[PDB]
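K.L.:
Dumping the structure here so I can ask a few things about it.
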Amino acid sequence: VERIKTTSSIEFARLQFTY
Amino acid sequence: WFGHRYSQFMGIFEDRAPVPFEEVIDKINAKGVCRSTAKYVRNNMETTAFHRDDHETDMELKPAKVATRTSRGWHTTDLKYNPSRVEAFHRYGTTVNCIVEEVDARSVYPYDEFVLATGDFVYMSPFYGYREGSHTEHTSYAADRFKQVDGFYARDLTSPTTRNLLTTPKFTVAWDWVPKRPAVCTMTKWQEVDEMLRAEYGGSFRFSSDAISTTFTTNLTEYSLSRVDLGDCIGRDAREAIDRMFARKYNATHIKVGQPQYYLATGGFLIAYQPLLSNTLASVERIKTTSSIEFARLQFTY
Amino acid sequence: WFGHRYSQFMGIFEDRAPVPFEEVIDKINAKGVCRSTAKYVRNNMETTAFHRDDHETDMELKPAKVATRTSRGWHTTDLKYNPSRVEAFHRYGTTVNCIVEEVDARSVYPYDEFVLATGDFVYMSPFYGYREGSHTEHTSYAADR
Amino acid sequence: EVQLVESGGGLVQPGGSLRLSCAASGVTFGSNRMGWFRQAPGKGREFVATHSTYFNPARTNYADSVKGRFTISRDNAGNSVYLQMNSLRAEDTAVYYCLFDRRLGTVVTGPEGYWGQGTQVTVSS
Amino acid sequence: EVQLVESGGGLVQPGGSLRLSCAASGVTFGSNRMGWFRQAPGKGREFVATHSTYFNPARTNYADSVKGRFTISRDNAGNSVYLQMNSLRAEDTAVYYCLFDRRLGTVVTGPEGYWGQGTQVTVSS
Amino acid sequence: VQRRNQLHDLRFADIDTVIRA
């Protein structure tokens, strides 16, 4: 059992959406 | 103060006394013991304290009680000594606890001072010493407070080190002297790009990475690494990563062309670039870096 | 405490005493000197300390020892005074060091208090005063302060 | 970096006396070890004496052979070490080397230390 | 923001006595200077006296002419300043102005200070 | 704040002088 680590930057996914 | 049927602390004077170089060498490192006495200079006065107000003895250093997420520690006494009860008298009691603590030490540029995990500041360069120009590093202290021992073998409470021992008014801090240039660097390696495409346009170089979706923009003229202050990591890290990435993706289909080249991209990014070629075809300063790579990713996407 | 062959600190009481307005005006700003005595209210008591337990004198303020990345400071004494040796006695010694320090002060909105570079909080508006309605700015202190 | 300048050797008869001097210049501030080693014809460079200001009072160490006959001392300001050899004998014929380093022992020595040019001492009739 | 109300002036024969009063209302709660200036016919407004609560005991200052004849004081709780003039010579004929001010010293005033409307004092034989 | 405060004795005091009597 572990902890999920999250990036501080969502802009990669927003670039993905726009592209 | 010992009243009738109660005792009360009139006062508790607490102080941290440094362990002198002589004790660190001849007692602690040699035998794992401390003196029960603390003789030290406080408030321009030589003060001597005796544990339990008794004669000076050698006391064994033993591991401190374990605490989670703390470094190793050792000490000699577990109890505070208070004077025995005599009614209607003020009495005094001395406790001396020799404490040895492994700690992390941290230093920021320009490395003229460092901190310990206890919050104490040492106003000396970590790279201060007598050899290889280290005597010009910053020291705030008098010469007698600093000691450097070559061929020093640490004994746990095989290989020798050069041991720096600095006596401050509150403690003695010891560490290993290393030359500054191989140790610190004002730049750090961020990305390894095994496929970076360079295009020349409009008097500018564009370095595009499809893997990280990033386009950097540099001038045509190379950036000489001599302009970087304490930038000796850049060349060595660049050469190993470049050769490792070459000996893994192009060792068969590509050849290196020339030696690695250096460029400064907008955003303050230092690019070390090895050009390849397909077989079928064949005042120093600190670079400031922006926290946002988003401009270059927008450049790539656009 | 003075033992037969050693001296030991039984205790070291350390305190910071404010320099009164009249001394700032009449001595420090007028002559660059400080009184060797500290008379101030501590723990609801008026306490007076004499430097070296000696008579009051005017002592010149001199630049402090230089330190890198540090603002300007001045003081009057760099030695702590301790009582002379008398065997088998507890003895007391008083040191008074008048210190003047230029410091940076910072205040965040709504600017009802500010801090000094020493970590000391001042629980009053930087813009507190008597004019242009600044008397309605926050003060935690009595008027005489 | 430390420069070492030796002086005061030469030829002497058995039972005589000889004072070697060694002046140290450069980065000599702080606690250090200054001493004398010697190299005999065909023999290795062995420890003779050391004077260490790492401790106060300073600690002096001697070889077994020279104990009681050789005395090592320093200048009032430090930075200079003197070896008074009295009651010299044939075993004392060697090139004596001045050492300035930052070590704590007697005999180990290392490449980071500083050696003098070497002063000849001959004992013969 | 301070309002000043004077009182107690008028006609005097030489050698008489006159006690002017000045009550201060508004923002007066701190240490301050309250005093009297005067303007003679065809003369500038010159310092007469001041009473300063910046210091404890309070500091009183007088012009050279009025020393020993004029006394400046304050009521208990402050905010009112009194100028008791004895032995009024002919030089004392002027309009006296009450000043409430956050300054030190004697003669220097500023636009930030508060002046009263002015009380006439005439001394004629 | 710590770096400033722990320079206090180096600025306004003497940490090396030892007075006897």
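For the structure tokens, the naming scheme is as follows: chains receive sequential letters (A, B, ...) according to their order of presentation, residues are indexed from 1 within each chain, and ligands are indexed from 1 in presentation order.
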I need the chain C residues near chain E as a PyMOL selection string; criterion: at most 7 Å, counting only C-alpha atoms.

P.N.:
chain C and resi 22+130-131+143-144

K.L.:
Could you give me, as a ChimeraX atom specification, each residue of stretch 14-134 of chain C that DSSP assigns to strand (DSSP E or B) when run on this structure's backbone?

P.N.:
/C:33-35,37-42,45-50,58-60,62-63,73-75,99-101,105-106,114-116,121-122,124

K.L.:
Next, dump the selected residues to file, keeping only N, CA, C and O atoms, as a CSV table (one decimal), in the first residue's frame.

P.N.:
chain,number,residue,atom,x,y,z
C,33,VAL,N,26.5,59.1,22.1
C,33,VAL,CA,26.9,58.5,23.4
C,33,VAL,C,25.7,57.8,24.0
C,33,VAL,O,24.6,58.2,23.7
C,34,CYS,N,26.0,56.9,24.9
C,34,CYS,CA,25.0,56.1,25.6
C,34,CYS,C,25.3,56.2,27.1
C,34,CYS,O,26.5,56.4,27.5
C,35,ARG,N,24.3,56.1,28.0
C,35,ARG,CA,24.5,56.0,29.4
C,35,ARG,C,25.0,54.6,29.7
C,35,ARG,O,24.6,53.6,29.1
C,37,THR,N,24.4,53.1,32.3
C,37,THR,CA,23.4,52.4,33.1
C,37,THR,C,22.1,52.2,32.3
C,37,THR,O,21.9,52.9,31.3
C,38,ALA,N,21.4,51.1,32.7
C,38,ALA,CA,20.1,50.7,32.1
C,38,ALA,C,19.1,50.8,33.2
C,38,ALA,O,19.1,50.0,34.1
C,39,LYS,N,18.2,51.7,33.1
C,39,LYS,CA,17.0,51.9,34.0
C,39,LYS,C,15.8,51.6,33.2
C,39,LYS,O,15.4,52.3,32.2
C,40,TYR,N,15.0,50.6,33.6
C,40,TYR,CA,13.9,50.1,32.7
C,40,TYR,C,12.9,49.3,33.6
C,40,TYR,O,13.3,48.8,34.6
C,41,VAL,N,11.7,49.1,33.0
C,41,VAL,CA,10.7,48.4,33.7
C,41,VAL,C,10.7,47.0,33.2
C,41,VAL,O,10.4,46.7,32.0
C,42,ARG,N,11.0,46.0,34.1
C,42,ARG,CA,10.9,44.6,33.7
C,42,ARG,C,10.2,43.9,34.8
C,42,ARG,O,10.4,44.1,36.0
C,45,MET,N,8.7,45.8,37.6
C,45,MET,CA,9.6,46.4,38.5
C,45,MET,C,10.6,47.3,37.8
C,45,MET,O,11.1,46.9,36.8
C,46,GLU,N,10.9,48.5,38.4
C,46,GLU,CA,11.9,49.4,37.9
C,46,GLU,C,13.3,48.8,38.3
C,46,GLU,O,13.6,48.8,39.5
C,47,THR,N,14.1,48.4,37.3
C,47,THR,CA,15.4,47.8,37.6
C,47,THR,C,16.4,48.7,37.0
C,47,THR,O,16.3,49.2,35.9
C,48,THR,N,17.6,48.8,37.7
C,48,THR,CA,18.7,49.6,37.3
C,48,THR,C,19.9,48.8,37.3
C,48,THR,O,20.3,48.2,38.3
C,49,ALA,N,20.6,48.7,36.2
C,49,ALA,CA,21.9,48.0,36.1
C,49,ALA,C,23.0,49.0,35.7
C,49,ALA,O,22.8,49.8,34.8
C,50,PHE,N,24.1,48.9,36.4
C,50,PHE,CA,25.3,49.7,36.2
C,50,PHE,C,26.4,48.9,35.5
C,50,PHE,O,26.7,47.8,36.0
C,58,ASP,N,29.0,58.6,30.5
C,58,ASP,CA,28.7,58.6,29.1
C,58,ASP,C,29.7,57.9,28.3
C,58,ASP,O,30.9,58.2,28.4
C,59,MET,N,29.3,56.9,27.5
C,59,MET,CA,30.2,56.1,26.8
C,59,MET,C,30.0,56.2,25.3
C,59,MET,O,28.8,56.2,24.9
C,60,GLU,N,31.0,56.4,24.5
C,60,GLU,CA,30.9,56.7,23.1
C,60,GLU,C,30.5,55.4,22.4
C,60,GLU,O,30.9,54.3,22.6
C,62,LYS,N,30.6,53.2,19.1
C,62,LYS,CA,31.6,52.9,18.1
C,62,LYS,C,31.0,51.9,17.1
C,62,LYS,O,30.2,51.1,17.5
C,63,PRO,N,31.5,51.9,15.9
C,63,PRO,CA,31.0,50.9,14.9
C,63,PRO,C,31.2,49.5,15.3
C,63,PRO,O,32.3,49.1,16.0
C,73,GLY,N,25.7,48.7,12.6
C,73,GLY,CA,25.5,48.7,14.0
C,73,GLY,C,26.6,49.4,14.8
C,73,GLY,O,27.7,49.6,14.3
C,74,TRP,N,26.2,49.8,16.0
C,74,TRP,CA,27.1,50.5,16.9
C,74,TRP,C,26.9,50.0,18.3
C,74,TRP,O,25.8,49.6,18.7
C,75,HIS,N,28.0,50.0,19.2
C,75,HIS,CA,27.9,49.6,20.5
C,75,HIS,C,28.9,50.3,21.4
C,75,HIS,O,29.8,51.0,20.8
C,99,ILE,N,23.5,49.2,22.4
C,99,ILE,CA,23.5,48.8,21.0
C,99,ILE,C,22.5,49.6,20.2
C,99,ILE,O,21.3,49.7,20.5
C,100,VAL,N,23.0,50.1,19.1
C,100,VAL,CA,22.1,50.8,18.1
C,100,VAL,C,22.3,50.0,16.8
C,100,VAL,O,23.4,49.7,16.3
C,101,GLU,N,21.2,49.6,16.2
C,101,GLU,CA,21.2,48.8,14.9
C,101,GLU,C,20.2,49.4,13.9
C,101,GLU,O,19.0,49.5,14.2
C,105,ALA,N,12.6,46.7,8.2
C,105,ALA,CA,11.3,46.4,8.8
C,105,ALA,C,10.3,46.1,7.7
C,105,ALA,O,10.3,46.7,6.6
C,106,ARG,N,9.5,45.1,7.9
C,106,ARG,CA,8.5,44.6,6.9
C,106,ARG,C,7.1,44.5,7.5
C,106,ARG,O,7.0,44.2,8.7
C,114,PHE,N,4.3,45.4,12.3
C,114,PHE,CA,5.4,45.1,11.5
C,114,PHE,C,6.5,44.3,12.2
C,114,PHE,O,6.4,44.2,13.5
C,115,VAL,N,7.4,43.8,11.5
C,115,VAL,CA,8.5,43.0,12.1
C,115,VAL,C,9.8,43.7,11.8
C,115,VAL,O,9.9,44.5,10.9
C,116,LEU,N,10.8,43.4,12.6
C,116,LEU,CA,12.2,43.8,12.4
C,116,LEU,C,13.1,42.6,11.9
C,116,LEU,O,12.7,41.5,12.1
C,121,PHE,N,8.6,41.4,16.7
C,121,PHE,CA,7.4,42.0,16.2
C,121,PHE,C,7.1,43.3,16.9
C,121,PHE,O,7.4,43.5,18.1
C,122,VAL,N,6.6,44.3,16.2
C,122,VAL,CA,6.1,45.5,16.7
C,122,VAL,C,4.6,45.6,16.4
C,122,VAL,O,4.3,45.8,15.3
C,124,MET,N,2.1,47.5,16.1
C,124,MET,CA,1.6,48.8,15.8
C,124,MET,C,1.8,49.1,14.3
C,124,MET,O,2.8,48.6,13.7

K.L.:
What lies within 10 Å of residue B:227 using only C-alpha atoms, ignoring chain neighbours under 3 positions off, as a ChimeraX atom specification?

P.N.:
/B:223-224,230-231,283-287

K.L.:
Restricting the output to N, CA, C and O atoms, write the selected residues as a PDB file, in the first residue's frame.

P.N.:
ATOM      1  N   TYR B 223      28.188  29.433 -25.958  1.00  0.00           N
ATOM      2  CA  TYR B 223      28.399  29.957 -24.622  1.00  0.00           C
ATOM      3  C   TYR B 223      29.651  29.323 -24.029  1.00  0.00           C
ATOM      4  O   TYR B 223      29.665  28.106 -23.807  1.00  0.00           O
ATOM      5  N   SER B 224      30.718  30.086 -23.782  1.00  0.00           N
ATOM      6  CA  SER B 224      31.915  29.489 -23.176  1.00  0.00           C
ATOM      7  C   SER B 224      31.686  29.218 -21.695  1.00  0.00           C
ATOM      8  O   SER B 224      31.209  30.082 -20.958  1.00  0.00           O
ATOM      9  N   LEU B 230      32.123  28.425 -10.903  1.00  0.00           N
ATOM     10  CA  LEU B 230      31.983  27.114 -10.271  1.00  0.00           C
ATOM     11  C   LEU B 230      31.046  26.217 -11.078  1.00  0.00           C
ATOM     12  O   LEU B 230      30.070  25.670 -10.563  1.00  0.00           O
ATOM     13  N   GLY B 231      31.347  26.075 -12.365  1.00  0.00           N
ATOM     14  CA  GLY B 231      30.518  25.270 -13.239  1.00  0.00           C
ATOM     15  C   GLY B 231      31.207  24.015 -13.729  1.00  0.00           C
ATOM     16  O   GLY B 231      30.997  23.589 -14.869  1.00  0.00           O
ATOM     17  N   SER B 283      35.353  37.928 -15.524  1.00  0.00           N
ATOM     18  CA  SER B 283      34.058  38.065 -14.869  1.00  0.00           C
ATOM     19  C   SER B 283      33.182  36.838 -15.083  1.00  0.00           C
ATOM     20  O   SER B 283      32.511  36.708 -16.106  1.00  0.00           O
ATOM     21  N   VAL B 284      33.201  35.939 -14.110  1.00  0.00           N
ATOM     22  CA  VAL B 284      32.298  34.796 -14.098  1.00  0.00           C
ATOM     23  C   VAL B 284      30.979  35.207 -13.458  1.00  0.00           C
ATOM     24  O   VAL B 284      30.935  36.057 -12.564  1.00  0.00           O
ATOM     25  N   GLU B 285      29.887  34.605 -13.922  1.00  0.00           N
ATOM     26  CA  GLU B 285      28.556  34.959 -13.457  1.00  0.00           C
ATOM     27  C   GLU B 285      27.732  33.696 -13.262  1.00  0.00           C
ATOM     28  O   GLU B 285      28.161  32.586 -13.587  1.00  0.00           O
ATOM     29  N   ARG B 286      26.534  33.878 -12.713  1.00  0.00           N
ATOM     30  CA  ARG B 286      25.574  32.801 -12.519  1.00  0.00           C
ATOM     31  C   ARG B 286      24.412  32.984 -13.483  1.00  0.00           C
ATOM     32  O   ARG B 286      23.848  34.078 -13.579  1.00  0.00           O
ATOM     33  N   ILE B 287      24.058  31.918 -14.191  1.00  0.00           N
ATOM     34  CA  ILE B 287      22.913  31.945 -15.094  1.00  0.00           C
ATOM     35  C   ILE B 287      21.634  31.834 -14.279  1.00  0.00           C
ATOM     36  O   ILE B 287      21.479  30.921 -13.461  1.00  0.00           O
TER      37      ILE B 287
END

K.L.:
Taking a cut-off of 8 Å and counting only C-alpha atoms, can you build a table that, for each residue of chain B near chain A, reports the nearest atom pair and how far apart they are in Å (one decimal), sorted by chain then residue number, as CSV?

P.N.:
residue,atom,partner,partner_atom,distance
B:294,CA,A:11,CA,7.6
B:298,CA,A:15,CA,7.9
B:301,CA,A:19,CA,7.3

K.L.:
Give me, as a count of residues only, all polymer residues having an atom no more than 12 Å from residue D:107, counting only C-alpha atoms and skipping those fewer than 5 positions away in the same chain.

P.N.:
17

K.L.:
State, in Å with one decimal place, the distance from atom CA of residue C:8 to atom CA of residue B:47.

P.N.:
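Going from atom CA of residue C:8 over to atom CA of residue B:47 covers 4.7 Å.
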
K.L.:
Extract, using only C-alpha atoms, all DNA, RNA and protein residues at most 9 Å from residue E:51, discarding same-chain residues fewer than 2 positions from it, and format them as a CSV table (one decimal) with N, CA, C and O atoms, in the first residue's frame.

P.N.:
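This went into out-v1.csv:
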chain,number,residue,atom,x,y,z
E,32,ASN,N,3.7,66.1,23.9
E,32,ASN,CA,3.6,67.2,23.0
E,32,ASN,C,4.2,68.4,23.6
E,32,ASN,O,4.6,68.4,24.8
E,33,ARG,N,4.3,69.5,22.8
E,33,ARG,CA,4.8,70.8,23.2
E,33,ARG,C,3.6,71.8,23.1
E,33,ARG,O,3.0,71.9,22.0
E,34,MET,N,3.3,72.4,24.2
E,34,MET,CA,2.3,73.5,24.2
E,34,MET,C,3.0,74.8,24.6
E,34,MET,O,3.7,74.8,25.7
E,35,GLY,N,2.9,75.9,23.9
E,35,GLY,CA,3.5,77.1,24.3
E,35,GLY,C,2.9,78.4,23.8
E,35,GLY,O,1.7,78.4,23.3
E,49,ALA,N,7.4,81.2,25.2
E,49,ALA,CA,7.6,80.1,26.1
E,49,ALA,C,7.1,78.8,25.5
E,49,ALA,O,6.3,78.8,24.6
E,53,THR,N,6.0,68.0,27.3
E,53,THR,CA,5.8,66.7,28.0
E,53,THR,C,6.5,65.6,27.4
E,53,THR,O,6.2,64.4,27.7
E,58,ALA,N,8.6,67.7,33.0
E,58,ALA,CA,8.4,68.4,31.8
E,58,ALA,C,9.4,69.6,31.6
E,58,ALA,O,9.9,70.1,32.6
E,59,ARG,N,9.7,69.9,30.4
E,59,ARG,CA,10.8,70.9,30.1
E,59,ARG,C,10.1,72.2,29.7
E,59,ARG,O,9.3,72.2,28.8
E,60,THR,N,10.5,73.3,30.4
E,60,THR,CA,10.0,74.6,30.1
E,60,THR,C,11.1,75.4,29.6
E,60,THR,O,12.3,75.4,30.1
E,61,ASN,N,10.8,76.2,28.5
E,61,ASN,CA,11.8,77.1,27.9
E,61,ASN,C,11.1,78.5,27.8
E,61,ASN,O,9.9,78.6,27.6
E,72,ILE,N,5.4,79.4,32.6
E,72,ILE,CA,4.5,78.5,31.8
E,72,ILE,C,4.3,77.2,32.6
E,72,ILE,O,5.2,76.6,33.2
E,73,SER,N,3.0,76.8,32.6
E,73,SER,CA,2.7,75.5,33.3
E,73,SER,C,1.5,74.9,32.6
E,73,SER,O,1.0,75.4,31.6
E,74,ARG,N,1.1,73.7,33.1
E,74,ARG,CA,0.0,73.0,32.6
E,74,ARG,C,-0.9,72.5,33.7
E,74,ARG,O,-0.4,72.3,34.9
E,81,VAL,N,-2.6,74.8,28.8
E,81,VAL,CA,-1.4,75.4,29.1
E,81,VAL,C,-1.7,76.9,29.6
E,81,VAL,O,-2.5,77.6,29.1

K.L.:
Skip residue C:95 itself and residues of its chain fewer than 3 positions away, then list as a ChimeraX atom specification all residues within 12 Å of it, counting only C-alpha atoms.

P.N.:
/B:43-44 /C:12-16,36-38,48-54,76-83,92,98 /F:13

K.L.:
For residue F:1, work out the shell of residues within 10 Å, counting only C-alpha atoms and skipping chain neighbours fewer than 4 positions away, then give it as a PyMOL selection string.

P.N.:
(chain C and resi 116-120) or (chain F and resi 5-6)

K.L.:
Give me the chain B side of the contact with chain D, cut-off 9 Å, one line per residue showing its nearest atom pair and distance in Å at one decimal, counting only C-alpha atoms, sorted by chain and residue number, as a tab-separated table.

P.N.:
residue	atom	partner	partner_atom	distance
B:21	CA	D:54	CA	8.4
B:22	CA	D:55	CA	6.6
B:130	CA	D:27	CA	6.8
B:131	CA	D:1	CA	6.7
B:132	CA	D:1	CA	7.7
B:133	CA	D:1	CA	8.1
B:135	CA	D:27	CA	7.6
B:143	CA	D:30	CA	5.3
B:144	CA	D:30	CA	6.0
B:145	CA	D:30	CA	8.6
B:146	CA	D:30	CA	7.2
B:147	CA	D:31	CA	6.4
B:148	CA	D:102	CA	6.6
B:149	CA	D:103	CA	5.3
B:150	CA	D:103	CA	5.1
B:151	CA	D:103	CA	6.5
B:152	CA	D:103	CA	8.0

K.L.:
Up to 10 Å from chain C, what residues of chain B turn up? Count only C-alpha atoms and give them as an NGL selection string.

P.N.:
:B and (11-15 or 38-40 or 42-50 or 92-94 or 112 or 123 or 140)

K.L.:
Kindly give the distance, in Å, that separates atom CA of residue E:124 and atom CA of residue E:97, rounded to a single decimal.

P.N.:
20.0 Å

K.L.:
Apply DSSP to the backbone of this structure and, from chain A, keep only the residues in helix (DSSP H, G or I); write these as a ChimeraX atom specification.

P.N.:
/A:11-18

K.L.:
Rounded to one decimal, what separation in Å do you get between atom CA of residue D:117 and atom CA of residue D:6?

P.N.:
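Value for the atom CA of residue D:117-atom CA of residue D:6 distance: 7.3 Å.
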
K.L.:
Would you mind listing, as a ChimeraX atom specification, all residues of chain F that have at least one atom within 8 Å of chain C, where only C-alpha atoms are what counts?

P.N.:
/F:1,4-5,7,10-14,17,21

K.L.:
Generate the output file for the selected residues, N, CA, C and O atoms, as a PDB file, in the first residue's frame.

P.N.:
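Final file, again-v3.pdb:
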ATOM      1  N   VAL F   1      16.753  35.416   9.783  1.00  0.00           N
ATOM      2  CA  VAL F   1      16.689  35.862  11.170  1.00  0.00           C
ATOM      3  C   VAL F   1      17.739  35.146  12.006  1.00  0.00           C
ATOM      4  O   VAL F   1      18.437  35.766  12.810  1.00  0.00           O
ATOM      5  N   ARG F   4      21.257  36.391  11.092  1.00  0.00           N
ATOM      6  CA  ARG F   4      21.506  37.699  11.688  1.00  0.00           C
ATOM      7  C   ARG F   4      21.721  37.593  13.192  1.00  0.00           C
ATOM      8  O   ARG F   4      22.668  38.175  13.732  1.00  0.00           O
ATOM      9  N   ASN F   5      20.864  36.842  13.883  1.00  0.00           N
ATOM     10  CA  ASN F   5      20.905  36.797  15.339  1.00  0.00           C
ATOM     11  C   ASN F   5      22.144  36.086  15.863  1.00  0.00           C
ATOM     12  O   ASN F   5      22.658  36.456  16.923  1.00  0.00           O
ATOM     13  N   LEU F   7      25.054  36.173  14.574  1.00  0.00           N
ATOM     14  CA  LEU F   7      26.210  37.036  14.379  1.00  0.00           C
ATOM     15  C   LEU F   7      26.350  38.083  15.475  1.00  0.00           C
ATOM     16  O   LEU F   7      27.246  38.930  15.392  1.00  0.00           O
ATOM     17  N   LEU F  10      29.677  38.055  17.336  1.00  0.00           N
ATOM     18  CA  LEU F  10      30.759  38.381  16.421  1.00  0.00           C
ATOM     19  C   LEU F  10      30.760  39.859  16.068  1.00  0.00           C
ATOM     20  O   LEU F  10      31.807  40.413  15.718  1.00  0.00           O
ATOM     21  N   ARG F  11      29.602  40.509  16.151  1.00  0.00           N
ATOM     22  CA  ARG F  11      29.516  41.930  15.840  1.00  0.00           C
ATOM     23  C   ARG F  11      29.749  42.814  17.061  1.00  0.00           C
ATOM     24  O   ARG F  11      30.563  43.740  17.012  1.00  0.00           O
ATOM     25  N   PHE F  12      29.044  42.546  18.158  1.00  0.00           N
ATOM     26  CA  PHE F  12      28.997  43.451  19.297  1.00  0.00           C
ATOM     27  C   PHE F  12      29.780  42.958  20.502  1.00  0.00           C
ATOM     28  O   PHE F  12      29.814  43.650  21.523  1.00  0.00           O
ATOM     29  N   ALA F  13      30.403  41.789  20.421  1.00  0.00           N
ATOM     30  CA  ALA F  13      31.085  41.202  21.562  1.00  0.00           C
ATOM     31  C   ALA F  13      32.480  40.751  21.153  1.00  0.00           C
ATOM     32  O   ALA F  13      32.908  40.922  20.010  1.00  0.00           O
ATOM     33  N   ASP F  14      33.191  40.180  22.120  1.00  0.00           N
ATOM     34  CA  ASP F  14      34.508  39.593  21.914  1.00  0.00           C
ATOM     35  C   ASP F  14      34.442  38.159  22.413  1.00  0.00           C
ATOM     36  O   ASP F  14      34.189  37.928  23.598  1.00  0.00           O
ATOM     37  N   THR F  17      38.803  36.952  23.831  1.00  0.00           N
ATOM     38  CA  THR F  17      39.559  37.504  24.946  1.00  0.00           C
ATOM     39  C   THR F  17      39.166  36.814  26.247  1.00  0.00           C
ATOM     40  O   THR F  17      37.980  36.660  26.549  1.00  0.00           O
ATOM     41  N   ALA F  21      42.224  38.234  36.338  1.00  0.00           N
ATOM     42  CA  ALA F  21      41.767  39.070  37.487  1.00  0.00           C
ATOM     43  C   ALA F  21      42.942  39.885  38.042  1.00  0.00           C
ATOM     44  O   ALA F  21      43.070  41.058  37.636  1.00  0.00           O
TER      45      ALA F  21
END
